[PDB]
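In structure tokens, one chain follows: the form solved without the partner chain.
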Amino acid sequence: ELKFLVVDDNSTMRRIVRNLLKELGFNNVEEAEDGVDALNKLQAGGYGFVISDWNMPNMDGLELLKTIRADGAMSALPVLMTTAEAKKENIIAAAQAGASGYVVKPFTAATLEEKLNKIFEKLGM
């Protein structure tokens, strides 16, 4: 029942991640095309977890996270960052920006499941 918000400007990837969540049980998934479109929905309330790509137009992954964290209403949302390669500086920036975790594409449902569990475990959910 967790309402997930999947943010990626690549329609296919949003489809991949959605099927992976569904494969793990989560079907209350929503999709956004970029940080801005995500903020428009997140502000509508209802979401309990965010998964975002690092590179998107209008508002990228790192700015969307700073924006989310900076907003009191959206301060507690777990944010999982998806990336390619995952170079140190990025992990460090995502880390200091307050990311809940990051995963490198292409990941599998098994890999996604592990990440979701480390997050939930810390959060107790």
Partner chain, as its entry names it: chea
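Numbering follows the first chain given and starts at 1.
Higher mean CA B-factor, judged across 29-37 and 85-93 from the recorded values: 85-93. A summary of the deposited B-factors shows that, of 40-48 and 62-70, the stretch with the larger mean C-alpha value is 40-48. The PDB entry assigns residue 119 a C-alpha temperature factor belonging to the middle third of its chain's modelled residues. Ranked within its chain, residue 17 lands in the lowest third, by CA B factor from the PDB record.
Sort the chain's modelled residues by C-alpha temperature factor and residue 24 lands in the middle third, per the entry.
Keep in mind that the form solved in complex with the partner chain is missing from the display, and what follows is about it.
Contact between residue 50 and the partner chain in the deposited complex is not found at the 4.5 Å heavy atom cutoff.
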